[PDB]
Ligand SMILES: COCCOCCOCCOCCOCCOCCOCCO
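In structure tokens, one chain follows: the form solved without the named molecule.
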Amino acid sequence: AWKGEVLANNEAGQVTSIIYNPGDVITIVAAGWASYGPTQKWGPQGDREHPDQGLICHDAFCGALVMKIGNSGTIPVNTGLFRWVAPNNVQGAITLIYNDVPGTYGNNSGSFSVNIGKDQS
């Protein structure tokens, strides 16, 4: 398994040791509090009231946890994924990223703690 943190201010995102291969089943659990700028903080599902001004993932809220698998588009993680199979034909290293608008990470704060494991299959 992999265990680490994802900083809200990291535009590049946090590379993990997990390589998603075809047929893999994985479980992700994410926790913690972070901000895209404001004083308030939000958990891994982010801020359901904030408008999307060009987020790196249009299928999750501003301040939510998202990922890429290899060269893929952004995929919502939020609080996690239970015994999940990639619905698309994606393969490769998982990178975790805080959902914010490109070029606006500098004022972000906080972090999520994240576990990723492969399940039986």
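C-alpha atoms forming the largest set that superposes within 1.5 Å between two forms make up the rigid core. The first residue of the sequence shown is number 1, and the count goes up from there.
Name the stretch that deviates more in 8 other deposited structures of this protein: 74-82, or 88-96? Use RMS CA distance to the shown form, core superposed. Larger mean C-alpha displacement, comparing 74-82 and 88-96 in 8 other deposited structures of this protein, is found in 88-96.
Mean C-alpha temperature factor, higher of 80-88 and 46-54: If you average the C-alpha B-factors of 80-88 and of 46-54, the larger mean comes out for 80-88.
If you average the CA temperature factors as listed in the entry, which stretch comes out higher, 21-29 or 98-106? That would be 98-106.
Give the position of residue 1 by CA B-factor within its chain, expressed as the lowest, middle or highest third. Highest third, going by the recorded CA B-factors of the chain.
C-alpha B factor of residue 93, ranked within the chain: lowest, middle or highest third? For residue 93, whose C-alpha B-factor we compare with every modelled residue in the chain, the answer is the highest third.
Just so you know, the form deposited with the named molecule bound exists too; it's not on screen, but the next bit is about it.
4.5 Å heavy atom contact, residue 56 and the named molecule in the deposited complex: Although the named molecule is absent here, residue 56 would touch it in the deposited complex, with heavy atoms inside 4.5 Å.
Verify the contact flag for residue 97: yes if a non-hydrogen atom of it lies within 4.5 Å of a non-hydrogen atom of the named molecule in the deposited complex, no if not. Residue-level check for residue 97: yes, a contact with the named molecule.
Does any heavy atom of residue 72 come within 4.5 Å of a heavy atom of the named molecule in the deposited complex? Heavy-atom contact with the named molecule at 4.5 Å: present for residue 72.
My question is simply whether residue 11 lines the interface with the named molecule in the deposited complex - judged by any non-hydrogen atom within 4.5 Å. Within the cut-off, so yes.
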